[PDB]
Amino acid sequence: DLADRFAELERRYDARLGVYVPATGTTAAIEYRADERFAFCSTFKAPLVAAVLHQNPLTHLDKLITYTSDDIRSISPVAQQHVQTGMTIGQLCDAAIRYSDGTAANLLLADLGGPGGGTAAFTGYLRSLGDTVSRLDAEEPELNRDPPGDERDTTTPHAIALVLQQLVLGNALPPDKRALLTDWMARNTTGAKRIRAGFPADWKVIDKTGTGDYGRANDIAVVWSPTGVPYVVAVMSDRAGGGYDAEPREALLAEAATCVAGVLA
Ligand SMILES: *C(=O)[C@@H]([C@@H]1NC(C(=O)O)=C(S[C@@H]2CN[C@H](C(=O)Nc3cccc(C(=O)O)c3)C2)[C@@H]1C)[C@@H](C)O
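Numbering follows the deposited numbering, in which position 241 of the sequence shown is assigned residue number 283; successive positions increment by one, without gaps.
Here it is, written out as structure tokens:
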């Protein structure tokens with residue numbers, strides 16, 4: 043039984059696990075703690091890129107953004123190298139999704155603009171997609187640090203799955219912008235040990251991970267079966283029992299995804 047298996051994983055990893063897969067044509071929704079809040083961590087970067095894409099002409103991707111030493115405040119594998127040159131909006135989107143670059147995310151939030159350095163406009167974008175649950179309150183690095191249970195900077199597996207479904211499978215974005223987002227998620231470098239690890243090789247997986255304090259490890263994905271049937275998979279986890287420095291456990295997400303894949307096969 044799936045709920046029993048997910049509970050077993052919680053005990054194995056001393057973790058809290060949330061899973062949602064929306065209903066499709068012939069499969070019921072899969073849900074485990076799906077309406078409980080979990081920190082976004084870096085998973086917000088996927089809808090952030092969608093918001094920036096939606097807000098601007100496509101060739102806004104070519105606008106050069108400059109930034110300085112004091113902008114590097116979080117894990118930023120790409121932006122750390124480009125303080126002198128700057129990065130275009132398209133380079134920032136690429137880095138935010140594929141390398142989970144925190145500075146890139148902060149600069150994209152500032153591009154979106156408005157109160158809270160763009161966090162309010164990001165939340166507004168989610169509201170426009172019918173998500174009345176999620177909220178972004180801080181930027182990097184603070185957004186990963188809220189204590190367990192705090193509602194700041196949270197989504198739920200259910201809410202983020204429905205947002206991702208609209209972005210990738212629905213009509214939230216026009217086809218050209220949709221393809222940009224999908225391709226960046228398809229080319230993600232950070233997700234091999236999470237949802238990808240749970241699905242057979244002949245299933246396509248595109249994803250955005252998140253990792254944070256209190257042992258937080260998330261992954262949001264769209265998967266496609268070998269015959270082109272898509273499913274959205276959101277897995278979120280934390281480990282409050284280990285305190286602030288608890289190790290995130292990718293293995294928990296790989297096991298949870300393996301269980302989901304067995305149901306979807
Ligand atoms: C956003 O959440 C966050 C950055 N994003 C991600 C992410 O996974 O998307 C990370 S983590 C980074 C990429 N994958 C590696 C990883 O998962 N390492 C890992 C996994 C499990 C345990 C450990 C450990 O205990 O050391 C390490 C590393 C990155 C933090 C920022 C922008 O806030």
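Cβ coordinates follow ideal geometry from the N, Cα and C atoms, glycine included.
| task | Would you check if the segment 137 to 145 and the segment 53 to 68 touch, i.e. whether three or more CB-CB distances between them fall below 8 angstroms? | result | no
| query | Could you give the residue range of the beta strand (DSSP E) that holds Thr-253? | reply | 246 to 254
| Using 8 angstroms as the threshold, is the segment 209 to 224 in touch with the segment 89 to 99, meaning 3 or more CB pairs across them? | yes
| field | Local conformation of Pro-272 per DSSP, three classes | value | strand
| Are three or more beta carbon pairs between the segment 194 to 208 and the segment 170 to 180 nearer than 8 angstroms? | yes
| task | Sort out for me which residues DSSP pairs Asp-280 with in a bridge. | result | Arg-58
| message | Please report the distance separating the alpha-carbon of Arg-54 from that of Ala-288. | response | 14 angstroms
| request: Report the residue ranges of all beta strand (DSSP E) runs contained in full by the segment 183 to 257; include only those spanning at least 3 residues, in chain order. | output: 246 to 254
| In this structure, what does DSSP give as the bridge partners for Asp-261? | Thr-251, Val-277
| request: Using 10 angstroms around the beta-carbon of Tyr-286, count the other beta-carbons present and answer buried if the total reaches 16, otherwise exposed. | output: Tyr-286 counts as exposed, since fewer than 16 other C-beta atoms from the protein chains shown sit within 10 angstroms of its C-beta.
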